[PDB]
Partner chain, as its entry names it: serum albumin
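Shown here is one chain on its own, the form deposited without its partner chain, set out as C-alpha cells.
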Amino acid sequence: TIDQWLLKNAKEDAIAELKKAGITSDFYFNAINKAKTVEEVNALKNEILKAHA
C-alpha cells in the first residue's frame, strides 16, 4: 500500500512551522506539496533559508 505517498504528510506539518517563521511566499509553500517525498518537502523549507533569505 503506502498510496498515502502523494507526499501530503509533511505538507502542513512543515508549512505549519513556516507561516509563523514569517515567510509567506507561495513559491515555498506551493512547491512544498510538489516535492517528491518527505525529504523533498522538509528539504524545500530548509532551502527557503538560503533560496530566499
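Positions refer to the first chain, counted from 1.
This next part talks about the form solved in complex with its partner chain, which is not shown.
Would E17 count as a contact of its partner chain in the deposited bound form, using a 4.5 angstroms cut-off between non-hydrogen atoms? Residue-level check for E17: no, no contact with its partner chain.
Exercise: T37 in contact with its partner chain in the deposited bound form, heavy atom 4.5 Å: Heavy-atom contact with its partner chain at 4.5 Å: present for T37.
Residue-level question: is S25 within 4.5 Å of its partner chain in the deposited bound form, judged on heavy atoms? Flag for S25 set to yes.
Which of the residues spanning 34-53 lie within 4.5 Å of its partner chain in the deposited bound form, based on heavy atoms? Those in contact are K34, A35, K36, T37, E39, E40, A43, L44, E47, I48, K50, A51, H52.
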